[PDB]
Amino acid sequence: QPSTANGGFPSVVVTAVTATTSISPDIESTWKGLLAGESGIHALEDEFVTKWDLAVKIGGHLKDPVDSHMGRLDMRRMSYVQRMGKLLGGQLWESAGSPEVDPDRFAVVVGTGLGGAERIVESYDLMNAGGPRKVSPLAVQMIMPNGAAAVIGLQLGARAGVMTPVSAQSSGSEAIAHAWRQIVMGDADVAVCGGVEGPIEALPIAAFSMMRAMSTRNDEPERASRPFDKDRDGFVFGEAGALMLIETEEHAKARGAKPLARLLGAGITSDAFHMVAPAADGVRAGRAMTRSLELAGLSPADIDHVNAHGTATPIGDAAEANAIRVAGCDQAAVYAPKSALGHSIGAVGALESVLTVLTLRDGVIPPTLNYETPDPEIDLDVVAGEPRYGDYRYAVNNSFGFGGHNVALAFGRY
């Protein structure tokens, strides 16, 4: 059976990363911030919070709003996720040295949780007020959930496929998994991949709040997101979007690109357990991590580091601890970045994949914020307090989505 280690798949490397977060618009600054213990989570000051008296009054808006970079035409003729895709795809391409690739070997794979949904409600209101001829001629292309990937594919010139996998909170990781598949199956030599997501707004907060999934520690915003802590009380929104450039090691060498890490293998499984709760036993989630190892050609004993999905729900973190045990990965050093950056839904697995890469590049794991009282059910080596330095070689990034979706990505130091 082919694996990356045995040469049955070609070697695939990560050659550039870009992200915008609640800490910074610059991924390198976000990273320095994380290592210094910074949080992106603050009191929400939006008028919508008081207008509705929302139960949730905390979150991390982007440090640098996407629309501060957008012309007036884009603000009207693109949905928000498309604008985010255009901004991040252009940034990534510049970071990569604007390479001249063969468009016919270049794919784009970008996940998102929903798509241009503000344009659904806009079109509905316009039609209700004015009739069907008031709906924009650009409404379909702004709404369709493949819209952001399609904008990026047209902008950068990708003709080897433009794919949008949707798996709710695992979408951003799933996108990188399918990009890796598209390269190792021989359909592309280079891909832009990752995830984008909309901003914090009143209706998204109402819907998730009514699920009772969210922290309401509004008193102390930076202390609210507590993955694996005994006193955790649910997740916190933190806006983001993230893309990375991956390509065959061959392709990278031929253009002189310096790899940041290796993308070794990807596992996708599902729970068949519940529409929003993850299976308590962690078994299928663990098998996603095992599958990524099998395709990489690694054993769980090789794994140095897990970047946890770690949302800070009581049931979600308990299930993930079980998953990491099922996969034999519970001796590894664990980081839960949502402690600092909060949860960006369809973007978050992509953001956390970029963080995994930077851990491997720099030999360091940031502290998991708010990790103060260990939970006996969890029993994981959670990095906390100070950043932890080490010669990390191999890491798994976990992401799980409502609907029972498990995605694990195996990364290696270059």
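All residue numbers are counted from 1 along the displayed sequence.
- Comparing 206-214 with 112-120, the stretch with the higher mean C-alpha B-factor in the PDB entry is 206-214.
- Higher mean CA B-factor, judged across 386-394 and 14-22 from the recorded values: 386-394.
- Highest C-alpha temperature factor among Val354, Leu62, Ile345, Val56, as the PDB entry reports it: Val56.
- Highest CA B-factor among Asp104, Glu320, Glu247, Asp219, as stated in the entry: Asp219.
- Sort the modelled residues of the chain by CA B factor and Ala288 lands in the lowest third.
- Sorting the modelled residues of the chain by their CA temperature factor places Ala277 in the middle third.
- In the PDB entry, a CA B factor belonging to the middle third of its chain's modelled residues is recorded for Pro227.
- Ranked by C-alpha B-factor against the other modelled residues of its chain, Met70 falls in the highest third.
- Among the modelled residues of its chain, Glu174 has a C-alpha B-factor that falls in the lowest third according to the deposited record.
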